[PDB]
Every structure is written in structure tokens, then in C-alpha cells.
Amino acid sequence: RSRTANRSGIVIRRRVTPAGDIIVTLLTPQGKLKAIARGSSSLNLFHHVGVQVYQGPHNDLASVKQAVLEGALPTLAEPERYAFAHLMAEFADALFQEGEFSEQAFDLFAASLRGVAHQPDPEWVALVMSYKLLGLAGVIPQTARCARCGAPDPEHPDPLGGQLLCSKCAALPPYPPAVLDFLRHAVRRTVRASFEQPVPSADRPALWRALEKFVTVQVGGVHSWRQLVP
Ligand SMILES: [Zn+2]
């Protein structure tokens, strides 16, 4: 809401044009920012960056006037970490359509990139953080009640909505207790507590499947993200 503006954030999308200029999307504490750098920092993917940005009535894209690298995670150069970082970025972009993206969502996102970069189990960090991001977006699964009939404490898969069905609405067998436990409490408890309670990787494919379904149903700017899910 001004001509010129200083913003700090993380590059979550980056495309160089044949013309030689960099079109970037950033997540900042004040929300998503779409910007262009015509042609210090090269605004590299997943870099935490400080920019001065001009936008007037004759340019719909804000124009990057100066850009300084404030922080980077060089460890996202590892294909597997990079894979999950790219998943978090695309997830954040699709969830949250902007301004709608608080200071707390920014901090959560950044923390997710830090977990992905630094921890033994990046796929576990991806999952925890995706359910925690769902919460701050106000796209919360109702796991205390059955998706169809409303019966408390549903324990079964939900093939259509990605939520939870009770035994009497469900065709499929119950989830294992640890999947169930996580599906119930992932959104509400701390990042750290969920980090110290990892779900076994044999049970994980089912968490991704519920997550896909739920997002495909509740949020519409997807397909890019779907393609990066394990
Ligand atoms: Zn039911």
C-alpha cells in the first residue's frame, strides 16, 4: 500500500525469461509478493532475501530495485532435501492466496525449510509442517467427528475427502494407531513435539494420500504440488 517498499522474505518461485530478467514469488511476514528484477542477490530459490521494490500505477508487477542476500541453506543442494523444500514452497504458494499469509505463517514456513535442510528425516519435517501450515491457513481437517455422519472419534480412512470416517460409514479398515494419533493431533500440537514423535515410514504413504485428497478437495491452485508428493 505504497509506491516504494522494503520487504524481507524467501524466494519460493523463480523463473528467468529469455529477455534475461528474473520473475520471483516471495513469502514475507506481510504475505506473498510477486516481483520482477529487470536485466547483489540473484534471488535464488529458497534464499531468504531483502528487497526494495517499486510499484506504481503503470506496472502490475512490483519491480526489484535492490536485493540483498540475508540468509541461505546450502544443504538444500542435496536432491532429497531440495525435493522436500520445493514441495513446501509449492504447497505454501497454493495454500494461502496472499495477505492471508501472516507473520506466524512466514515463521512456520521458514522453520520448515530449516528442518528440511538440517534434520535426519526431511520427509517427516515435510509432513508435520504441511499439516501445521493447513492449520494457519484455516483449512483444518475435522478429525474429532466423522466426515459423513458426524460421529465422534472416527478411526477409518476417507477416500473421497481425505478426512476420517466412522466404522459405520467406512468401507476400509481402521488406520494404525500412530497414523490415527498424528491425523488427530498434528494440526494442534507443537512442531517440536510432532518432530520427536515420528510415524514409521511404512505407515507414511497413507498420510500423504490423506493429505493429497484433503488439499485437492479444499484448495484449487494445485497439480504442481500433487506432482511433487511422494
Ligand atoms: Zn459416520
# chains A, B, ... in the order shown; residues from 1 in each chain; ligands from 1
$ residues_near_ligand --ligand "ligand 1" --cutoff "6 Å" --atoms "only C-alpha atoms and all ligand atoms" --output "list in words"
residues 146, 148, 149, 150, 151, 165, 166, 168 and 169 of chain A
$ select_by_dssp --residues "segment 141-220 of chain A" --states "strand (DSSP E or B)" --output "mmCIF file with N, CA, C and O atoms, in the first residue's frame"
data_model
loop_
_atom_site.group_PDB
_atom_site.id
_atom_site.type_symbol
_atom_site.label_atom_id
_atom_site.label_comp_id
_atom_site.auth_asym_id
_atom_site.auth_seq_id
_atom_site.Cartn_x
_atom_site.Cartn_y
_atom_site.Cartn_z
ATOM 1 N N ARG A 145 -14.690 -35.616 14.440
ATOM 2 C CA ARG A 145 -16.012 -36.049 14.002
ATOM 3 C C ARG A 145 -15.957 -36.645 12.606
ATOM 4 O O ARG A 145 -15.111 -36.271 11.794
ATOM 5 N N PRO A 152 -18.413 -38.819 16.691
ATOM 6 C CA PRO A 152 -17.098 -38.571 17.302
ATOM 7 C C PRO A 152 -16.071 -39.688 17.117
ATOM 8 O O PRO A 152 -16.444 -40.858 17.051
ATOM 9 N N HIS A 156 -11.294 -44.434 10.691
ATOM 10 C CA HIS A 156 -11.132 -45.059 9.381
ATOM 11 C C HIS A 156 -10.762 -44.045 8.303
ATOM 12 O O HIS A 156 -11.057 -42.857 8.431
ATOM 13 N N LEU A 165 -13.634 -41.261 8.511
ATOM 14 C CA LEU A 165 -14.980 -41.847 8.586
ATOM 15 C C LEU A 165 -15.095 -42.783 9.782
ATOM 16 O O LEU A 165 -14.119 -43.402 10.178
#
$ atom_distance --atom1 "atom CA of residue 15 of chain A" --atom2 "atom CA of residue 36 of chain A"
9.8 Å
$ closest_atom_pairs --of "segment 105-169 of chain A" --to "segment 5-8 of chain A" --cutoff "12 Å" --atoms "only C-alpha atoms" --output "Markdown table"
| residue | atom | partner | partner_atom | distance |
| --- | --- | --- | --- | --- |
| A:106 | CA | A:8 | CA | 10.4 |
| A:107 | CA | A:8 | CA | 12.0 |
| A:110 | CA | A:8 | CA | 11.9 |
$ write_last_selection --atoms "N, CA, C and O atoms" --output "mmCIF file, in the first residue's frame"
data_model
loop_
_atom_site.group_PDB
_atom_site.id
_atom_site.type_symbol
_atom_site.label_atom_id
_atom_site.label_comp_id
_atom_site.auth_asym_id
_atom_site.auth_seq_id
_atom_site.Cartn_x
_atom_site.Cartn_y
_atom_site.Cartn_z
ATOM 1 N N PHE A 106 4.718 -17.180 7.980
ATOM 2 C CA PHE A 106 6.065 -16.995 7.473
ATOM 3 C C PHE A 106 7.099 -17.711 8.316
ATOM 4 O O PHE A 106 8.019 -18.308 7.775
ATOM 5 N N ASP A 107 6.965 -17.601 9.638
ATOM 6 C CA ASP A 107 7.921 -18.176 10.580
ATOM 7 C C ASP A 107 7.879 -19.692 10.513
ATOM 8 O O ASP A 107 8.924 -20.350 10.546
ATOM 9 N N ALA A 110 9.498 -20.833 7.123
ATOM 10 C CA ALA A 110 10.942 -20.704 7.231
ATOM 11 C C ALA A 110 11.507 -21.824 8.091
ATOM 12 O O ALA A 110 12.549 -22.400 7.779
#
$ residues_around --residues "residue 60 of chain A" --least-positions-apart "2" --cutoff "12 Å" --atoms "only C-alpha atoms" --output "ChimeraX atom specification"
/A:3,33-36,54-58,62-63
$ select_by_dssp --residues "chain A" --states "alpha helix (DSSP H)" --output "ChimeraX atom specification"
/A:79-94,103-118,122-136,177-185,191-196,204-218
$ atom_distance --atom1 "atom CA of residue 141 of chain A" --atom2 "atom CA of residue 127 of chain A"
14.5 Å
$ atom_distance --atom1 "atom CA of residue 10 of chain A" --atom2 "atom CA of residue 22 of chain A"
14.6 Å
$ closest_residue --among "A:111, A:147, A:105, A:172" --to "residue 48 of chain A" --atoms "only C-alpha atoms"
A:111
$ closest_residue --among "A:181, A:167, A:162, A:195" --to "residue 213 of chain A" --atoms "only C-alpha atoms"
A:162
$ residues_around --residues "residue 208 of chain A" --least-positions-apart "3" --cutoff "9 Å" --atoms "only C-alpha atoms" --output "PDB file with C-alpha atoms, in the first residue's frame"
ATOM      1  CA  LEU A 127       4.572 -33.889   6.626  1.00  0.00           C
ATOM      2  CA  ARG A 204       3.675 -42.799   5.768  1.00  0.00           C
ATOM      3  CA  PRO A 205       2.278 -43.468   2.277  1.00  0.00           C
ATOM      4  CA  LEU A 211      -3.077 -35.090   2.647  1.00  0.00           C
ATOM      5  CA  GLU A 212      -3.331 -35.084  -1.152  1.00  0.00           C
ATOM      6  CA  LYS A 213      -7.068 -35.825  -1.085  1.00  0.00           C
ATOM      7  CA  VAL A 229       4.234 -35.557  -3.317  1.00  0.00           C
ATOM      8  CA  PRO A 230       5.882 -38.941  -2.682  1.00  0.00           C
TER       9      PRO A 230
END
$ closest_residue --among "A:160, A:76, A:24, A:134" --to "residue 122 of chain A" --atoms "only C-alpha atoms"
A:76
